[PDB]
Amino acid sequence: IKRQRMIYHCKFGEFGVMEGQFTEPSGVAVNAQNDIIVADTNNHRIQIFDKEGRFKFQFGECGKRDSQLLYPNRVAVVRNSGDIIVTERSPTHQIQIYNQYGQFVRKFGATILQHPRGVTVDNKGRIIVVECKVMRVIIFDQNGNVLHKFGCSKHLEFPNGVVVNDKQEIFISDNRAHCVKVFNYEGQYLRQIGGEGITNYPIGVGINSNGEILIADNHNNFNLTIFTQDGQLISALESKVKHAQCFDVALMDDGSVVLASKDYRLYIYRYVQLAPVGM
């Protein structure tokens, strides 16, 4: 399976505690304006940048009080409102909601969650959370009500990412299963996408505005493999560079994907030709 070569056109970040610097970019998400939202874990803050990697603003500070965060890992965006969903690591296993201006909205799930490892929001505003160490998926509404939850220790081994479509299907990247596992809101395993030799050791999963499923991995260089929701292989790319441990990926509309890694940086990769104007 040959893949097209891809190279990032933008990279930003460096070690630090100041604006635009990171300690650990554990989570990344993108809003409707293509702004890049990042969970800077050891700085207990969320940083927002424009589609070009330029710093816009930050919110959150170490603490356990409204507007404060404690080891934030992972973020998602409510597309229609610009609201930012944040999850806090195991110790403070809960989620928080901030609006597009960084104003605190609410927090909940501290007595429900345990090991949040992935989060996303569907087109109806529902918040989907996937947990490891106990393989479980929890679904909440904007107000913090548990709409449903199901275990999945029979189909998941090292969940590390999740996206959803508009037909109540949950796509979870499974690092040790070398693929993405698909389930429905009832918790039924439906099918898998990718597999050994195609999507080895996925580090995350993303979904296109076109509904395509993007599976990323850093097994021998950074690789991106694109599939339809039914599991049909459409494209395959690879970077000529091996990155530092990669934490998460997020899709931008315009054929781009953002990668967050342990080297205190985020890289933006073009995974499809933008086509000439007029064509």
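Numbering starts at 1 and follows the sequence shown.
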| query | finding |
| --- | --- |
| Mean C-alpha B-factor comparison - 97 to 105 and 192 to 200, higher one | 192 to 200 |
| Mean Cα B-factor comparison, 248 to 256 or 53 to 61, giving the higher one as deposited | 248 to 256 |
| Peak C-alpha temperature factor (PDB record), options 146, 177, 163, 78 | 146 |
| Member of 173, 73, 90, 120 with the greatest C-alpha B factor (per the PDB record) | 90 |
| B-factor third for the C-alpha atom of residue 27 within its chain | lowest |
| Residue 234 - Cα temperature factor, lowest/middle/highest third of chain | highest |
| Relative C-alpha B-factor of residue 169, binned into the chain's lowest, middle or highest third | middle |
| Third assignment of residue 212 from its chain's C-alpha B-factors | middle |
| CA B-factor ranking of residue 132, expressed as a third of its chain | highest |
